[PDB]
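Text of structure_25.txt, listed as compact mmCIF, C-alpha atoms and all ligand atoms:
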```
# COMPACT_ATOMS: atom_id res chain seq x y z
CA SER A 1 -2.05 -24.24 4.24
CA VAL A 2 -0.80 -21.79 1.59
CA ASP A 3 -3.53 -20.03 -0.41
CA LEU A 4 -2.40 -18.56 -3.71
CA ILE A 5 -5.22 -15.98 -3.59
CA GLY A 6 -5.56 -13.50 -0.75
CA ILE A 7 -6.52 -9.91 -0.08
CA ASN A 8 -5.28 -6.98 1.90
CA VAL A 9 -7.77 -5.73 4.49
CA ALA A 10 -6.65 -2.16 5.09
CA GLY A 11 -7.92 0.46 7.51
CA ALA A 12 -6.12 -0.01 10.81
CA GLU A 13 -3.17 2.01 9.47
CA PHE A 14 -5.24 4.91 8.07
CA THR A 15 -4.76 8.60 8.96
CA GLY A 16 -1.21 7.96 10.12
CA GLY A 17 -0.67 11.51 11.27
CA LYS A 18 -3.27 11.06 14.01
CA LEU A 19 -1.54 9.20 16.86
CA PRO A 20 -2.99 7.47 18.75
CA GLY A 21 -6.04 8.44 16.75
CA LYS A 22 -9.58 7.23 17.45
CA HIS A 23 -10.93 3.92 16.20
CA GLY A 24 -13.96 4.49 14.00
CA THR A 25 -12.84 8.04 13.16
CA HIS A 26 -9.22 7.93 11.94
CA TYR A 27 -8.68 4.19 11.54
CA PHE A 28 -10.93 1.19 11.07
CA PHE A 29 -10.83 -2.48 11.99
CA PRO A 30 -13.21 -5.00 10.37
CA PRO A 31 -16.72 -4.77 11.83
CA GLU A 32 -18.71 -7.78 12.91
CA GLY A 33 -19.74 -9.66 9.79
CA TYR A 34 -16.76 -8.42 7.78
CA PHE A 35 -14.83 -11.64 7.22
CA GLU A 36 -17.99 -13.69 6.60
CA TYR A 37 -18.39 -11.95 3.24
CA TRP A 38 -14.87 -12.70 2.01
CA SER A 39 -14.97 -16.24 3.40
CA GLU A 40 -18.15 -16.79 1.35
CA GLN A 41 -16.36 -15.46 -1.75
CA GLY A 42 -13.71 -18.16 -1.36
CA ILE A 43 -10.92 -15.84 -0.16
CA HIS A 44 -9.32 -17.29 2.97
CA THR A 45 -6.03 -15.39 3.37
CA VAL A 46 -5.88 -11.79 4.52
CA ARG A 47 -2.92 -9.45 4.86
CA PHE A 48 -3.69 -6.99 7.65
CA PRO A 49 -1.81 -3.68 7.91
CA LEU A 50 -1.07 -2.35 11.39
CA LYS A 51 0.48 0.98 12.37
CA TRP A 52 3.56 0.48 14.54
CA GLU A 53 3.12 3.77 16.41
CA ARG A 54 -0.42 2.73 17.37
CA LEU A 55 0.61 -0.72 18.54
CA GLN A 56 3.58 0.67 20.48
CA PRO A 57 3.36 4.42 21.22
CA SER A 58 6.77 4.38 22.96
CA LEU A 59 9.76 2.38 21.77
CA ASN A 60 10.55 -0.68 23.90
CA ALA A 61 7.31 -0.28 25.87
CA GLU A 62 4.33 -2.59 26.24
CA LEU A 63 1.89 -2.75 23.36
CA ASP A 64 -1.04 -0.34 23.45
CA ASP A 65 -3.99 -1.98 25.17
CA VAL A 66 -6.72 -0.42 23.03
CA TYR A 67 -5.09 -0.99 19.65
CA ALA A 68 -3.67 -4.43 20.46
CA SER A 69 -7.10 -5.51 21.72
CA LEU A 70 -8.60 -4.48 18.39
CA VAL A 71 -6.06 -6.82 16.79
CA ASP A 72 -7.10 -9.60 19.19
CA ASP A 73 -10.72 -9.13 18.11
CA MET A 74 -9.90 -9.12 14.40
CA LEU A 75 -7.96 -12.36 14.76
CA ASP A 76 -10.90 -13.87 16.65
CA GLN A 77 -13.28 -12.92 13.84
CA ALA A 78 -10.76 -14.32 11.36
CA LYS A 79 -10.60 -17.66 13.19
CA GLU A 80 -14.41 -17.80 13.43
CA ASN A 81 -14.59 -17.38 9.64
CA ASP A 82 -11.68 -19.63 8.57
CA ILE A 83 -9.52 -16.64 7.61
CA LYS A 84 -5.73 -16.97 7.72
CA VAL A 85 -4.11 -13.66 8.69
CA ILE A 86 -0.77 -12.16 7.74
CA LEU A 87 -0.03 -9.43 10.25
CA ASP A 88 1.77 -6.56 8.49
CA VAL A 89 3.75 -3.86 10.32
CA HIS A 90 2.81 -1.22 7.78
CA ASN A 91 5.57 1.25 8.49
CA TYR A 92 8.07 1.76 5.64
CA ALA A 93 10.96 0.82 7.99
CA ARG A 94 10.33 3.99 9.98
CA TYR A 95 9.06 4.83 13.44
CA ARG A 96 7.60 8.31 13.82
CA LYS A 97 9.25 9.12 10.48
CA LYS A 98 12.76 8.03 11.61
CA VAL A 99 14.49 5.13 9.88
CA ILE A 100 15.09 1.89 11.79
CA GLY A 101 18.80 1.74 12.55
CA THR A 102 19.27 5.44 13.26
CA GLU A 103 20.01 6.81 16.72
CA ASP A 104 16.33 7.67 17.01
CA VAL A 105 15.08 4.14 16.29
CA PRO A 106 17.70 1.49 17.16
CA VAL A 107 17.28 -1.95 15.61
CA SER A 108 16.81 -3.26 19.17
CA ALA A 109 13.59 -1.27 19.43
CA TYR A 110 12.34 -2.87 16.23
CA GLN A 111 13.38 -6.27 17.55
CA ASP A 112 11.39 -5.41 20.68
CA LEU A 113 8.22 -4.71 18.68
CA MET A 114 8.47 -7.99 16.82
CA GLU A 115 9.09 -9.92 20.04
CA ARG A 116 5.95 -8.47 21.57
CA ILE A 117 3.89 -9.09 18.46
CA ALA A 118 4.99 -12.72 18.35
CA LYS A 119 4.62 -13.09 22.12
CA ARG A 120 1.05 -11.81 22.03
CA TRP A 121 -0.22 -13.68 18.97
CA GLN A 122 1.88 -16.80 18.29
CA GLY A 123 -0.79 -18.72 20.21
CA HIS A 124 -3.57 -17.55 17.92
CA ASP A 125 -4.87 -20.06 15.37
CA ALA A 126 -5.85 -17.40 12.87
CA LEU A 127 -2.30 -16.01 12.64
CA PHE A 128 -0.67 -17.36 9.48
CA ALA A 129 2.51 -15.30 9.03
CA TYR A 130 4.33 -12.10 9.93
CA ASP A 131 4.97 -9.54 7.19
CA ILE A 132 7.53 -7.84 9.36
CA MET A 133 7.69 -4.46 7.56
CA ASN A 134 5.76 -2.94 4.67
CA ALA A 135 7.59 -1.25 1.80
CA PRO A 136 10.92 0.10 3.05
CA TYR A 137 11.94 2.96 0.79
CA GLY A 138 14.24 5.90 0.31
CA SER A 139 16.48 6.78 3.23
CA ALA A 140 15.47 3.48 4.87
CA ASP A 141 16.68 1.25 2.01
CA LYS A 142 20.30 0.86 3.02
CA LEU A 143 19.60 0.17 6.71
CA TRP A 144 16.68 -2.15 6.00
CA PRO A 145 18.56 -5.50 5.66
CA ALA A 146 20.08 -4.96 9.11
CA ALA A 147 16.67 -3.95 10.46
CA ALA A 148 15.09 -7.07 8.94
CA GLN A 149 17.54 -9.32 10.76
CA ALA A 150 16.50 -7.66 14.03
CA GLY A 151 12.84 -8.20 13.19
CA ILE A 152 13.44 -11.86 12.35
CA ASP A 153 15.33 -12.33 15.62
CA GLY A 154 12.45 -10.68 17.45
CA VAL A 155 9.71 -12.90 16.04
CA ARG A 156 11.78 -16.03 16.50
CA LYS A 157 12.15 -15.44 20.23
CA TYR A 158 8.50 -16.53 20.59
CA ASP A 159 7.36 -18.03 17.26
CA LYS A 160 9.64 -20.75 15.88
CA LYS A 161 7.18 -22.04 13.27
CA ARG A 162 5.37 -19.46 11.17
CA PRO A 163 6.65 -17.96 7.90
CA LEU A 164 8.29 -14.56 8.00
CA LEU A 165 7.46 -12.39 5.01
CA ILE A 166 10.51 -10.29 4.17
CA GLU A 167 10.01 -7.29 1.92
CA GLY A 168 12.67 -5.46 -0.04
CA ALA A 169 14.02 -1.97 -0.55
CA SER A 170 12.46 0.53 -2.92
CA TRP A 171 8.86 -0.04 -1.76
CA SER A 172 9.53 -3.79 -2.13
CA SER A 173 9.42 -3.33 -5.90
CA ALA A 174 9.14 -6.65 -7.68
CA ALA A 175 10.39 -5.00 -10.88
CA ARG A 176 13.58 -3.67 -9.27
CA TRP A 177 13.95 -6.54 -6.80
CA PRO A 178 17.34 -7.97 -7.89
CA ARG A 179 18.90 -4.47 -7.89
CA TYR A 180 18.83 -4.51 -4.08
CA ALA A 181 17.86 -7.95 -2.86
CA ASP A 182 21.34 -9.50 -2.78
CA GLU A 183 21.66 -7.73 0.59
CA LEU A 184 18.79 -9.91 1.86
CA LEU A 185 20.69 -13.11 1.12
CA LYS A 186 22.67 -12.43 4.31
CA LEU A 187 19.54 -12.79 6.46
CA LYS A 188 19.54 -15.80 8.79
CA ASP A 189 16.34 -17.37 10.10
CA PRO A 190 16.92 -20.09 12.73
CA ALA A 191 13.62 -21.67 11.70
CA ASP A 192 14.63 -21.45 8.01
CA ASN A 193 11.16 -20.26 7.08
CA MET A 194 11.45 -16.90 5.32
CA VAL A 195 9.38 -15.93 2.30
CA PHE A 196 10.28 -12.85 0.31
CA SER A 197 7.37 -10.58 -0.53
CA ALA A 198 7.43 -8.08 -3.37
CA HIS A 199 4.84 -5.58 -4.53
CA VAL A 200 3.69 -4.75 -8.04
CA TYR A 201 1.51 -2.00 -9.47
CA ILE A 202 1.17 -1.58 -13.19
CA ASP A 203 0.73 2.11 -13.76
CA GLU A 204 3.74 3.59 -15.54
CA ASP A 205 5.66 4.61 -12.41
CA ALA A 206 4.48 1.50 -10.46
CA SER A 207 3.19 3.74 -7.66
CA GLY A 208 -0.33 2.37 -7.77
CA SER A 209 -1.60 5.94 -8.13
CA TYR A 210 -3.14 5.18 -11.55
CA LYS A 211 -3.35 8.90 -12.27
CA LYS A 212 -3.82 8.18 -15.98
CA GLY A 213 -5.37 5.38 -17.97
CA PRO A 214 -3.36 2.56 -19.54
CA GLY A 215 -2.17 4.53 -22.52
CA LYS A 216 -2.13 3.55 -26.17
CA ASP A 217 1.12 1.54 -26.04
CA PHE A 218 -0.07 -0.42 -23.00
CA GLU A 219 1.62 -3.81 -22.68
CA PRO A 220 -0.76 -6.44 -21.21
CA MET A 221 2.21 -8.48 -20.00
CA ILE A 222 3.46 -5.55 -17.89
CA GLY A 223 2.46 -7.29 -14.64
CA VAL A 224 4.29 -10.47 -15.62
CA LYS A 225 7.28 -8.46 -16.85
CA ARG A 226 7.43 -6.61 -13.53
CA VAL A 227 7.33 -9.72 -11.35
CA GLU A 228 9.74 -11.72 -13.55
CA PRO A 229 12.87 -10.08 -12.01
CA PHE A 230 11.56 -11.09 -8.59
CA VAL A 231 10.53 -14.64 -9.49
CA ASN A 232 13.76 -15.23 -11.38
CA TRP A 233 15.77 -14.01 -8.41
CA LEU A 234 13.86 -16.47 -6.22
CA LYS A 235 14.70 -19.27 -8.65
CA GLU A 236 18.35 -18.17 -8.94
CA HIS A 237 18.80 -18.22 -5.14
CA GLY A 238 16.52 -21.11 -4.19
CA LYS A 239 14.15 -18.83 -2.25
CA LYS A 240 10.38 -18.73 -1.74
CA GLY A 241 8.27 -15.78 -2.79
CA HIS A 242 5.02 -13.92 -2.35
CA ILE A 243 3.33 -10.82 -3.80
CA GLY A 244 2.03 -8.77 -0.87
CA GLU A 245 0.40 -5.98 -2.89
CA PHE A 246 -1.12 -5.65 -6.34
CA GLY A 247 -4.13 -3.59 -7.31
CA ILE A 248 -5.75 -2.08 -10.39
CA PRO A 249 -8.56 0.36 -11.19
CA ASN A 250 -11.90 -1.11 -12.20
CA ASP A 251 -12.43 0.94 -15.35
CA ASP A 252 -10.35 -0.39 -18.24
CA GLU A 253 -10.20 -3.87 -19.75
CA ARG A 254 -6.47 -3.46 -20.31
CA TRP A 255 -5.86 -3.45 -16.54
CA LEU A 256 -7.91 -6.63 -16.09
CA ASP A 257 -6.08 -8.31 -18.97
CA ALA A 258 -2.75 -7.56 -17.29
CA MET A 259 -4.13 -8.83 -13.96
CA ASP A 260 -5.22 -12.11 -15.52
CA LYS A 261 -1.82 -12.58 -17.14
CA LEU A 262 -0.16 -11.80 -13.80
CA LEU A 263 -2.24 -14.32 -11.86
CA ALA A 264 -1.48 -16.95 -14.50
CA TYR A 265 2.27 -16.45 -14.07
CA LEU A 266 2.02 -16.46 -10.28
CA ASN A 267 -0.07 -19.62 -10.38
CA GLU A 268 2.52 -21.34 -12.60
CA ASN A 269 5.13 -20.52 -9.95
CA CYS A 270 3.04 -21.11 -6.80
CA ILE A 271 3.52 -17.46 -5.78
CA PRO A 272 0.64 -16.25 -3.58
CA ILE A 273 -0.81 -12.80 -4.03
CA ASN A 274 -2.56 -10.39 -1.69
CA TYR A 275 -4.76 -8.05 -3.69
CA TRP A 276 -4.55 -4.39 -2.65
CA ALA A 277 -7.06 -3.83 -1.27
CA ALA A 278 -10.29 -4.64 0.51
CA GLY A 279 -11.20 -3.07 3.79
CA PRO A 280 -14.04 -1.53 5.78
CA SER A 281 -13.44 2.19 5.11
CA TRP A 282 -12.18 2.72 1.57
CA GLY A 283 -15.00 4.81 0.11
CA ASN A 284 -14.50 5.47 -3.60
CA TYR A 285 -10.80 4.51 -3.52
CA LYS A 286 -10.02 3.46 -7.06
CA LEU A 287 -8.32 0.14 -6.22
CA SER A 288 -10.84 -1.03 -3.61
CA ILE A 289 -12.48 -4.42 -4.04
CA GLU A 290 -14.67 -3.89 -0.98
CA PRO A 291 -18.34 -4.10 -2.02
CA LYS A 292 -19.84 -0.66 -2.54
CA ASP A 293 -23.33 0.11 -3.90
CA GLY A 294 -23.08 0.88 -7.60
CA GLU A 295 -19.35 0.12 -7.81
CA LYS A 296 -18.28 -2.73 -10.07
CA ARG A 297 -15.44 -5.00 -8.90
CA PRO A 298 -14.31 -7.00 -11.95
CA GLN A 299 -11.04 -7.81 -10.13
CA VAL A 300 -12.78 -10.12 -7.66
CA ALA A 301 -13.94 -12.42 -10.46
CA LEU A 302 -10.31 -12.89 -11.56
CA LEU A 303 -9.30 -13.64 -7.97
CA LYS A 304 -12.01 -16.30 -7.66
CA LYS A 305 -11.10 -17.74 -11.07
CA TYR A 306 -7.55 -18.29 -9.88
CA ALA A 307 -8.56 -19.33 -6.36
CA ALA A 308 -10.23 -22.34 -8.01
CA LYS A 309 -7.08 -23.10 -10.04
CA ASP A 310 -4.85 -23.11 -6.93
CA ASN A 311 -3.08 -26.50 -6.89
CA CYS A 312 -0.06 -25.49 -4.78
CA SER A 313 0.91 -26.96 -1.41
CA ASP A 314 3.62 -24.44 -0.49
CA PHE A 315 5.20 -21.14 -1.49
CA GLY A 316 6.95 -21.39 -4.82
CA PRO A 317 8.80 -21.24 -7.02
CA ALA A 318 9.74 -24.93 -7.25
CA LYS A 319 13.42 -25.81 -6.94
CA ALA A 320 15.21 -27.79 -9.64
CA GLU A 321 15.58 -31.48 -8.72
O1 LIG B 401 0.56 5.52 -0.06
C1 LIG B 401 0.09 4.49 0.76
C2 LIG B 401 0.48 3.15 0.07
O2 LIG B 401 1.74 3.34 -0.52
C3 LIG B 401 2.20 2.25 -1.29
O3 LIG B 401 3.45 2.60 -1.71
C4 LIG B 401 3.56 3.33 -2.89
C5 LIG B 401 4.11 4.74 -2.48
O4 LIG B 401 3.08 5.44 -1.88
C6 LIG B 401 4.55 5.56 -3.72
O5 LIG B 401 5.13 6.75 -3.26
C7 LIG B 401 5.62 4.76 -4.45
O6 LIG B 401 5.99 5.39 -5.62
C8 LIG B 401 7.26 5.19 -6.11
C9 LIG B 401 7.20 4.01 -7.13
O7 LIG B 401 7.02 2.79 -6.42
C10 LIG B 401 8.53 3.89 -7.93
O8 LIG B 401 8.33 2.89 -8.86
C11 LIG B 401 8.84 5.26 -8.58
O9 LIG B 401 10.15 5.14 -9.07
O10 LIG B 401 8.96 6.21 -7.56
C12 LIG B 401 7.77 6.44 -6.85
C13 LIG B 401 7.94 7.62 -5.87
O11 LIG B 401 8.06 8.77 -6.63
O12 LIG B 401 5.01 3.57 -4.90
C14 LIG B 401 4.57 2.67 -3.90
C15 LIG B 401 3.98 1.43 -4.63
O13 LIG B 401 4.93 0.87 -5.45
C16 LIG B 401 2.39 1.05 -0.33
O14 LIG B 401 2.81 -0.07 -1.07
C17 LIG B 401 1.08 0.72 0.35
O15 LIG B 401 1.40 -0.25 1.29
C18 LIG B 401 0.53 1.96 1.08
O16 LIG B 401 -0.74 1.65 1.48
```

Kindly transcribe the structure held in the file into structure tokens.
Amino acid sequence: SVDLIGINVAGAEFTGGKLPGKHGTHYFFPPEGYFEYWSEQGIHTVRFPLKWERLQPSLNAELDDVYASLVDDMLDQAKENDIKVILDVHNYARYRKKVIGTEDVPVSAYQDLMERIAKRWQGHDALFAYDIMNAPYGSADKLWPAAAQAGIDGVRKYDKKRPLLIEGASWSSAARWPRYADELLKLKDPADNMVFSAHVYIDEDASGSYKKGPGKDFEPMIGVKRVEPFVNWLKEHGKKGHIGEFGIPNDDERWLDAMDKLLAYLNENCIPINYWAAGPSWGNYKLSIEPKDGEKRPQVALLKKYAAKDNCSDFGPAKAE
């Protein structure tokens, strides 16, 4: 089933310059007991970033045994705790810093990754969906629609059922979505089960850096205003949508006000959200909602408030009848 309220659980993609890196030093999967907390809080959908270069250290080669087995174990813990998991290839449409579709990283190698991901995990009950690439940007933008088709073809070799979450150019900006997304209308899914997934941060430059506070002329509808181009594009083209990332600092009511207005608009349109982010090794990261001694997490109350208002049976927005 489709939960409107979900969270990112980040950590497996950390310290991306250390490849392969060492689990528990450079990157972090959920420990035992991790999902039990969020399950108890009423959050039952998790988006889970993975680093492509760790899953597949050589293009077209078998998946890495150590890192892929950590994914196996996370999915097991998810299933044990009634957690639905969106696997996220958290790679900005690049492999070892080279754009998918260049000579260095042919689209067939990206198709290969997605085939092996689907082949390994389509049988797993905790797997909910594939977010096939996180936040394409920059020099990857123009090649990304062709890359996405290869990723879709890859998953569909082995998983004919589950939703594919398709992000957009420009860090999958919700605010700029229709500037680029017409290129995604060419994508073909044989299973006809794609969901487009945009991201939204509400600091001025939408980077999620939150270097400054809200500012005196802060607009509390800024979150709604920044997802409206995305949701309206979905309505215009009869598509289904999703917000894969949104996060705010914990230290100004204006941020929380904008978050509440955002969740209201997403609820009205049956658009799920994955809050960015929870995770086992965030420290004092300003957007973290992971419990931390002495750190307040007002955002989690808003998530629970809207988890209880979730009356949707499928990804929105609704089509006209
Ligand atoms: O850094 C790790 C996280 O990055 C998130 O992406 C952000 C990029 O890091 C940031 O460079 C980019 O900033 C853009 C901004 O989006 C755009 O509006 C402005 O015009 O230009 C900026 C670059 O100068 O923002 C994105 C967020 O929108 C990933 O989303 C996250 O997955 C990853 O963990």

- Task: Name the residues, by chain letter and number, that sit within 8 Å of ligand LIG 401 (chain B) using all atoms listed in the file, and give them as a list in words.
- Result: residues 10, 90, 134, 135, 170, 171, 172, 173, 199, 200, 201, 205, 206, 207, 208, 209 and 245 of chain A

- Task: Determine the nearest neighbour of residue 29 in chain A from the options A:242, A:102, A:279, A:229, counting all atoms listed in the file.
- Result: A:279

Spatial neighbours of residue 95 in chain A, 9 Å, all atoms listed in the file, chain gap at least 2 places, as a PDB file with C-alpha atoms, keeping the file's coordinate frame:
```pdb
ATOM      1  CA  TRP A  52       3.560   0.480  14.540  1.00  0.00           C
ATOM      2  CA  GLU A  53       3.120   3.770  16.410  1.00  0.00           C
ATOM      3  CA  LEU A  59       9.760   2.380  21.770  1.00  0.00           C
ATOM      4  CA  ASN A  91       5.570   1.250   8.490  1.00  0.00           C
ATOM      5  CA  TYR A  92       8.070   1.760   5.640  1.00  0.00           C
ATOM      6  CA  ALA A  93      10.960   0.820   7.990  1.00  0.00           C
ATOM      7  CA  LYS A  97       9.250   9.120  10.480  1.00  0.00           C
ATOM      8  CA  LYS A  98      12.760   8.030  11.610  1.00  0.00           C
ATOM      9  CA  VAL A  99      14.490   5.130   9.880  1.00  0.00           C
ATOM     10  CA  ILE A 100      15.090   1.890  11.790  1.00  0.00           C
ATOM     11  CA  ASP A 104      16.330   7.670  17.010  1.00  0.00           C
ATOM     12  CA  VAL A 105      15.080   4.140  16.290  1.00  0.00           C
ATOM     13  CA  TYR A 110      12.340  -2.870  16.230  1.00  0.00           C
TER      14      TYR A 110
END
```

- Query: Any idea what the distance is between CA of residue 236 in chain A and CA of residue 142 in chain A?
  - Reply: 22.6 Å

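What separates CA of residue 4 in chain A from CA of residue 268 in chain A is a distance of 10.5 Å.
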
- Select all residues near (2.5, -14.3, 17.5) (cut-off 9 Å, inclusive, file coordinates), counting only C-alpha atoms, and output them as a PyMOL selection string. chain A and resi 114-124+127+129-130+155+158-159+162

- Item | Coordinates-based distance that separates CA of residue 133 in chain A from CA of residue 317 in chain A (Å, one decimal) | 22.3 Å

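Among the candidates A:49, A:313, A:252, A:285, the residue lying nearest to residue 298 in chain A is A:252 (atoms considered: only C-alpha atoms).
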
- Across A:266, A:175, A:46, A:61, the smallest distance to residue 113 in chain A, with only C-alpha atoms counted, is shown by A:61

How would range 40-51 of chain A read, as a compact mmCIF listing (two decimals), in the frame of the given file, once N, CA and C atoms are built in?
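Saved file result.txt follows:
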```
# COMPACT_ATOMS: atom_id res chain seq x y z
N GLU A 40 -17.16 -16.26 2.29
CA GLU A 40 -18.15 -16.79 1.35
C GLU A 40 -17.70 -16.65 -0.09
N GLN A 41 -16.88 -15.65 -0.40
CA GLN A 41 -16.36 -15.46 -1.75
C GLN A 41 -15.22 -16.42 -2.08
N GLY A 42 -14.79 -17.24 -1.13
CA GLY A 42 -13.71 -18.16 -1.36
C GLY A 42 -12.32 -17.62 -1.08
N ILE A 43 -12.21 -16.43 -0.50
CA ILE A 43 -10.92 -15.84 -0.16
C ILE A 43 -10.66 -16.12 1.31
N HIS A 44 -9.56 -16.81 1.61
CA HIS A 44 -9.32 -17.29 2.97
C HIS A 44 -7.99 -16.84 3.54
N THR A 45 -7.28 -15.94 2.86
CA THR A 45 -6.03 -15.39 3.37
C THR A 45 -6.14 -13.88 3.31
N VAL A 46 -5.80 -13.23 4.41
CA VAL A 46 -5.88 -11.79 4.52
C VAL A 46 -4.54 -11.26 5.01
N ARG A 47 -4.03 -10.24 4.34
CA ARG A 47 -2.92 -9.45 4.86
C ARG A 47 -3.51 -8.24 5.55
N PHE A 48 -3.07 -8.00 6.79
CA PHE A 48 -3.69 -6.99 7.65
C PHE A 48 -2.70 -5.94 8.10
N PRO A 49 -2.70 -4.76 7.48
CA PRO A 49 -1.81 -3.68 7.91
C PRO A 49 -2.11 -3.19 9.32
N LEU A 50 -1.03 -2.96 10.07
CA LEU A 50 -1.07 -2.35 11.39
C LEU A 50 -0.09 -1.20 11.44
N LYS A 51 -0.42 -0.16 12.21
CA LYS A 51 0.48 0.98 12.37
C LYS A 51 1.34 0.78 13.60
```
